[PDB]
Amino acid sequence: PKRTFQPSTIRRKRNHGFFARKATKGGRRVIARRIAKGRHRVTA
Amino acid sequence: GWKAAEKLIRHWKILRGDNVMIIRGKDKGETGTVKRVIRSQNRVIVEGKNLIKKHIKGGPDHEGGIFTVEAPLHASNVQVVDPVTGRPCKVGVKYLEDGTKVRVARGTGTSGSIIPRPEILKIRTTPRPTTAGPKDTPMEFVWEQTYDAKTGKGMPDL
Amino acid sequence: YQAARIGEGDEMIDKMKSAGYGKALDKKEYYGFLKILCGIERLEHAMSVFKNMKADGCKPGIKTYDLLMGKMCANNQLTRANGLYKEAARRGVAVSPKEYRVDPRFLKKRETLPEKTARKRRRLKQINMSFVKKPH
Amino acid sequence: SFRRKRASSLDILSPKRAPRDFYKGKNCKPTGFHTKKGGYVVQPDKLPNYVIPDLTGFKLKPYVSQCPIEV
Amino acid sequence: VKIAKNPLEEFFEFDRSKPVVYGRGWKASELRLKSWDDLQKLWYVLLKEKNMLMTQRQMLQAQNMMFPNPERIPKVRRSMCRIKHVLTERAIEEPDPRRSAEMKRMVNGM
Amino acid sequence: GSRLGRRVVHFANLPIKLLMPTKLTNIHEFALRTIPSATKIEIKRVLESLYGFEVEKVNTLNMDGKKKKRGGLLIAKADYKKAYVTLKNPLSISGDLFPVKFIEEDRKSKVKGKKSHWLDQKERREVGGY
RNA sequence: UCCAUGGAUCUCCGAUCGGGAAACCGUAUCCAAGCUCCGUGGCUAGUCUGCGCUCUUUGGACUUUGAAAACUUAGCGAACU
RNA sequence: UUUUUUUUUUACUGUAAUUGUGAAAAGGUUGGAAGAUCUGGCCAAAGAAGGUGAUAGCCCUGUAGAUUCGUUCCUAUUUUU
RNA sequence: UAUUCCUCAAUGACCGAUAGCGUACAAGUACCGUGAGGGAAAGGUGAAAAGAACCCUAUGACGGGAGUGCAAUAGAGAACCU
RNA sequence: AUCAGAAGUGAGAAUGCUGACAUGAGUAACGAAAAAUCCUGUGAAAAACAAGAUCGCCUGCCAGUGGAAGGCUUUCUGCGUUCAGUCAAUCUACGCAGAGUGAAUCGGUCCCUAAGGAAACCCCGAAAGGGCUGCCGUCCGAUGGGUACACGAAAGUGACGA
Ligand SMILES: [K+]
Ligand SMILES: [K+]
Ligand SMILES: [K+]
Ligand SMILES: [K+]
Ligand SMILES: [K+]
Ligand SMILES: [K+]
Ligand SMILES: [K+]
Ligand SMILES: [K+]
Ligand SMILES: [Mg+2]
Ligand SMILES: [Mg+2]
Ligand SMILES: [Mg+2]
Ligand SMILES: [Mg+2]
Ligand SMILES: [Mg+2]
Ligand SMILES: [Mg+2]
Ligand SMILES: [Mg+2]
Ligand SMILES: [Mg+2]
Ligand SMILES: [Mg+2]
Ligand SMILES: [Mg+2]
Ligand SMILES: [Mg+2]
Ligand SMILES: [Mg+2]
Ligand SMILES: [Mg+2]
Ligand SMILES: [Mg+2]
Ligand SMILES: [Mg+2]
Ligand SMILES: [Mg+2]
Ligand SMILES: [Mg+2]
Ligand SMILES: [Mg+2]
Ligand SMILES: [Mg+2]
Ligand SMILES: [Mg+2]
Ligand SMILES: [Mg+2]
Ligand SMILES: [Mg+2]
Ligand SMILES: [Mg+2]
Ligand SMILES: [Mg+2]
Ligand SMILES: [Mg+2]
Ligand SMILES: [Mg+2]
Ligand SMILES: [Mg+2]
Ligand SMILES: [Mg+2]
Ligand SMILES: [Mg+2]
Ligand SMILES: [Mg+2]
Ligand SMILES: [Mg+2]
Ligand SMILES: [Mg+2]
Ligand SMILES: [Mg+2]
Ligand SMILES: [Mg+2]
Ligand SMILES: [Mg+2]
Ligand SMILES: [Mg+2]
Ligand SMILES: [Mg+2]
Ligand SMILES: [Mg+2]
Ligand SMILES: [Mg+2]
Ligand SMILES: [Mg+2]
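Chains as they are written, first to last, in the authors' numbering: chain 1f, 158 to 201; chain 1V, 2 to 159; chain 1v, 368 to 476, 488 to 514; chain 1j, 14 to 84; chain 1a, 31 to 47, 52 to 144; chain 1U, 2 to 114, 124 to 140.
Okay, structure coming up:
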């Protein structure tokens with residue numbers, strides 16, 4: 158059947174991309190927490 | 002299984018070409034000359050001593066058989082021979098009249114004589130070529146001075 | 368002289384002298400050489416060319432001394448400019464006091491945290507390289 | 014030469030692995046300007062000029078001789 | 031053969047025979067004796083040699099063969115680096131500001 | 002000085018690595034590898050100023066470097082640019098130059114596994139691409 | 001090789017010249033001064049002067065502060081229990 | 001203007017000399033190998049520690065110090081508007 | 001007086017590979033999730049590679065001999081002490 | 001040793017935790033009512049590989065052509081069979097190595113805007129922020145409009161349903 162994940166690159170960059178995170182205070186907190194944990198992938 | 006936390010020897014009192022005596026191991030009590038020093042392992046190779054047997058399978062390039070070669074000895078297992086008494090001795094540091102570091106025999110029962118730096122060290126392992134290659138500039142062309150700052154000879158095209 | 372090849376320029380001057388065109392080396396061409404040599408900051412060779420010009424029979428007027436005094440004052444050397452003023456006074460040239468502006472080049476005049495981190499990084503590498511290498 | 018990278022660097026967007034309207038570029042120097050009809054006018058003032066001298070008759074070679082010279 | 035017959039053959043080692055020997059890189063003190071014109075000519079000689087060497091390494095490794103004398107490439111590379119250092123030294127010692135800036139621009143331009 | 006132009010290069014450093022062609026005679030085009038920040042005009046002007054080629058046209062394409070991955074460990078080579086250079090006149094490569102004989106022998110080792127009319131051309135141009 | 005000091009070179013994002021799907025795209029800022037070279041115009045024509053750009057130097061005009069754990073001082077302020 | 005140089009004297013977490021210098025003997029036995037054991041000398045302001053073919057103060061690297069080097073002060077950075 | 005993003009030196013009737021940090025080993029990785037986020041496993045040949053030339057039987061030596069080594073079930077290719 | 005001291009101090013059970021290994025069991029299964037057969041070759045081994053012949057299945061939504069979205073080297077050539085493939089595979093979307101993608105016109109970039117998003121100014125709000133896109137107004141944003149200068153506009157337009 159049709160499943161939940163239907164990939165689209167531009168929607169991924171517009172929802173979870175670097176500048177999408179930089180545009181909100183919560184996204185900037187996500188980036189800071191993300192760098193503090195040491196993840197190699199800061200943004201999706 | 003190199004399991005020890007062994008630090009490197011930073012300043013070696015044991016040099017290539019030195020006359021030494023093995024003071025520890027299977028070949029204890031035997032003299033020889035230091036062919037090679039393996040600094041990364043704190044080990045040396047004494048010519049003709051500490052022999053192993055290698056089972057080398059002959060490929061298209063090298064030859065097979067069981068070969069006898071030297072295995073490395075730890076640098077603390079050999080000792081420089083006192084040039085006067087002929088016995089193994091420790092090495093001390095003496096500063097000369099000009100101020101140059103030399104090695105002297107050290108220890109009770111030693112002459113204190115200067116242990117000379119081996120003459121083999123000044124010889125190049127890769128000798129210089131006899132004939133220059135087709136892309137090698139001869140030295141007389143290298144030395145041709147075409148630039149002079151005082152008279153402005155060889156300035157750019159400004 | 369524009370390419371700062373002053374020795375070759377002097378040799379070409381002498382070669383022009385040898386060819387019989389020495390009369391066309393009047394004061395205008397020598398002043399042009401002095402202007403070029405002062406414009407590319409070769410004041411010592413400019414003084415050499417000035418001395419050769421004085422030995423060639425060309426008579427420098429007020430423009431040559433104006434150029435040389437201005438270049439000497441711009442390089443913050445008032446004594447040499449006054450010396451050329453006295454020389455031009457001796458030669459009998461209509462010279463005057465003047466304000467020459469000095470170039471603004473010759474006028475006289488705890489470890490941070492990233493540095494500590496870099497020092498610790500270097501020391502950590504140095505510790506790892508102080509041991510006997512495992513052969514492989 | 015092979016060199017180690019992080020596996021996370023494969024997630025950086027590249028136009029080879031993107032929708033067809035994603036443009037990145039390779040830091041090439043521009044040679045002109047875009048037009049508003051979708052074209053491009055190359056301006057020769059922005060083009061490189063290479064000043065290369067003639068190499069015939071030159072005596073200096075890539076390497077310096079290693080033959081034994083003098084003490 | 032002896033000489034490259036076309037510009038394509040300048041990407042090949044025509045002098046390779052008897053093991054061929056290659057000298058060392060240029061030293062900075064030896065390059066400080068050379069004029070700007072000689073240094074630019076030597077730069078392009080080194081550039082053509084470097085192009086030939088990388089071409090030979092690329093051709094041989096495409097057929098799973100070893101590239102002989104691989105130390106030839108860093109010799110040329112270091113000689114080119116020393117040439118640019120010597121020319122920048124001459125640019126810094128220039129007393130004229132305009133000439134110094136033009137010499138720096140000539141060295142570093144791409 | 003800067004009277005001559007805006008972008009004047011006295012010490013070019015563009016790397017050109019020639020790819021070995023399939024044929025040794027009647028070479029109307031050849032391929033080379035270079036860095037991905039090179040443009041068609043840079044390749045053309047370097048090849049005609051430094052080497053004296055008679056360049057008709059330059060085509061370019063970008064390639065990713067070869068990568069090997071084993072789950073966390075990734076090793077890679079650099080991305081490069083491949084350039085096709087079409088010549089105004091055909092050229093040729095001598096047989097005895099190193100390493101042409103070895104390359105041809107290896108290539109032939111990997112590939113092991124009269125009725126002409128009037129006004130028929132014999133050596134025509136063979137150019138690929140668009 | 002290596003060490004100490006001082007130098008030359010010194011890609012990009014984060015990021016701050018503008019745009020942006022981070023690691024890309026577009027960018028000779030603007031305006032006074034004084035100097036070699038460059039080009040063109042005009043006099044009664046000789047060390048004759050008057051107009052310019054490009055790039056160089058010194059300034060001054062716009063604006064770019066900027067990160068960082070805990071501690072500190074403040075604002076707002078739960079619920080389980 | 002520049003160079004040579006009179007230049008006091010001690011103190012320092014200066015965790016300075018990355019990794020400078022830095023003491024101290026020989027035999028027998030067993031054992032693959034000696035540091036073990038038996039005989040028997042010596043250093044210690046050094047018996048912290050890590051190695052070396054087993055458990056080594058004297059085999060090696062160190063270690064305590066001692067020397068060098070560089071901050072202080074004696075040796076005022078003053079004078080002119 | 002408070003605190004430790006940090007540096008240098010030192011200590012432990014602290015732990016010793018299911019313990020000790022999530023990580024003694026290229027770990028905030030692999031892997032899972034659209035995302036915020038969650039989150040591993042895996043140490044030890046031998047003193048030294050001397051890592052087993054050569055023979056025999058199998059398609060193929062990891063086998064059986066031989067040889068190295070104090071010792072070879074101490075014979076391994078992110079793994080061989082017991 | 002002994003005598004004392006410090007405790008993360010004693011396992012058989014918590015549908016306890018981690019790892020290892022059994023049982024069921026050589027059992028179920030080997031995944032769409034298209035389908036196989038033989039000669040020759042290769043190899044240690046061939047129903048499953050190569051090449052050929054015979055036979056069948058798909059032909060307007062499982063089955064052909066080109067490609068968007070996604071994937072990202074799976075493409076091709078040589079070598080190979082440790083892993084994978086519902087195999088004992090010599091073969092392969094598998095391992096090693098090398099190679100391959102050529103544009104003025106194709107698709108993008110670029111110009112233009114929609115829905116929408118955001119700055120500036122202004123309004124509002126314990127903080128964080130929220131609103132406002134205009135009467136003079138900026139920058140983004142295709143799923144649409146454009147294809148051989150630049151500047152300007154009280155000219156026309158572009159310009160549209162079933
Ligand atoms: K309550
Ligand atoms: K010391
Ligand atoms: K020893
Ligand atoms: K010891
Ligand atoms: K764990
Ligand atoms: K054992
Ligand atoms: K249980
Ligand atoms: K198709
Ligand atoms: Mg993800
Ligand atoms: Mg060891
Ligand atoms: Mg890197
Ligand atoms: Mg692609
Ligand atoms: Mg760029
Ligand atoms: Mg550069
Ligand atoms: Mg293209
Ligand atoms: Mg920016
Ligand atoms: Mg020391
Ligand atoms: Mg000592
Ligand atoms: Mg010890
Ligand atoms: Mg033991
Ligand atoms: Mg375990
Ligand atoms: Mg255990
Ligand atoms: Mg653990
Ligand atoms: Mg074997
Ligand atoms: Mg053991
Ligand atoms: Mg308990
Ligand atoms: Mg228990
Ligand atoms: Mg159960
Ligand atoms: Mg049953
Ligand atoms: Mg049944
Ligand atoms: Mg069944
Ligand atoms: Mg058959
Ligand atoms: Mg078949
Ligand atoms: Mg449908
Ligand atoms: Mg693959
Ligand atoms: Mg395939
Ligand atoms: Mg293949
Ligand atoms: Mg098989
Ligand atoms: Mg299988
Ligand atoms: Mg494959
Ligand atoms: Mg188009
Ligand atoms: Mg709108
Ligand atoms: Mg809005
Ligand atoms: Mg707002
Ligand atoms: Mg914006
Ligand atoms: Mg727009
Ligand atoms: Mg569109
Ligand atoms: Mg319409």
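We treat Cβ as the ideally placed atom computed from N, Cα and C, and that holds for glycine.
Helix, strand or coil at residue i according to DSSP, with G and I counted as helix
i               : result
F42 (chain 1a)  : coil
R44 (chain 1V)  : strand
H12 (chain 1V)  : coil
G72 (chain 1U)  : coil
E127 (chain 1a) : coil
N63 (chain 1U)  : strand
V101 (chain 1U) : helix
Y96 (chain 1V)  : strand
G45 (chain 1j)  : strand
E136 (chain 1a) : helix
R4 (chain 1U)   : coil
Whether residue i touches residue j by CB criterion (8 Å)
i               : j               : result
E57 (chain 1U)  : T87 (chain 1U)  : yes
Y56 (chain 1a)  : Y76 (chain 1j)  : yes
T69 (chain 1V)  : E48 (chain 1V)  : no
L98 (chain 1U)  : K18 (chain 1j)  : no
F417 (chain 1v) : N442 (chain 1v) : no
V79 (chain 1V)  : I23 (chain 1V)  : yes
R46 (chain 1U)  : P61 (chain 1j)  : yes
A125 (chain 1a) : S134 (chain 1a) : yes
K8 (chain 1V)   : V92 (chain 1V)  : no
Bridge partner(s) assigned by DSSP for residue i
i               : result
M22 (chain 1V)  : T32 (chain 1V) and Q80 (chain 1V)
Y63 (chain 1j)  : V10 (chain 1U)
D149 (chain 1V) : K154 (chain 1V)
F68 (chain 1V)  : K55 (chain 1V)
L92 (chain 1U)  : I28 (chain 1U)
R17 (chain 1j)  : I76 (chain 1U)
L19 (chain 1U)  : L33 (chain 1U)
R171 (chain 1f) : According to DSSP, which records beta bridges pairwise, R171 (chain 1f) is partnered with nothing at all.
Pair every Cβ in the region 61–73 of chain 1a with every Cβ in the region 127–140 of chain 1U, then say whether three or more of these pairs are closer than 8 Å. Touching, no, given that fewer than three Cβ pairs across the two stretches are closer than 8 Å.
Using a strict less-than 7 Å threshold between each residue's beta carbon and the heavy atoms of ligand 14, what residues do you get? Taking each Cβ in turn, the ones that pass are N142 (chain 1a) and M144 (chain 1a).
Residues near ligand 12, CB to any non-hydrogen atom under 7 Å, in chain order? Residues flagged by the Cβ proximity filter: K29 (chain 1j) and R30 (chain 1j).
Would you check if the region 87–98 of chain 1V and the region 108–115 of chain 1V touch, i.e. whether three or more CB-CB distances between them fall below 8 Å? The region 108–115 of chain 1V, when compared against the region 87–98 of chain 1V, does touch it at the 8 Å Cβ threshold.
Between the region 373–390 of chain 1v and the region 131–139 of chain 1a, do at least 3 Cβ pairs fall closer than 8 Å? Touching, no.
Are at least three pairs of beta-carbons, each pair with one atom in the region 19–33 of chain 1U and one in the region 80–94 of chain 1U, less than 8 Å apart? Contact between the region 19–33 of chain 1U and the region 80–94 of chain 1U is established, with three or more Cβ pairs separated by less than 8 Å.
For the 8 Å Cβ check, are there 3 or more pairs between the region 82–98 of chain 1a and the region 33–47 of chain 1a? Contact holds: three or more Cβ-Cβ distances are below 8 Å.
Validate contact between the region 39–58 of chain 1j and the region 56–69 of chain 1a using beta carbons, cut 8 Å, 3 pairs: Touching, no, given that fewer than three Cβ pairs across the two stretches are closer than 8 Å.
Quick test of the definition: if touching needs 3 or more C-beta pairs under 8 Å, does the region 181–197 of chain 1f touch the region 496–504 of chain 1v? With a cut-off of 8 Å, the region 496–504 of chain 1v and the region 181–197 of chain 1f do not count as touching, because too few Cβ pairs lie within range.
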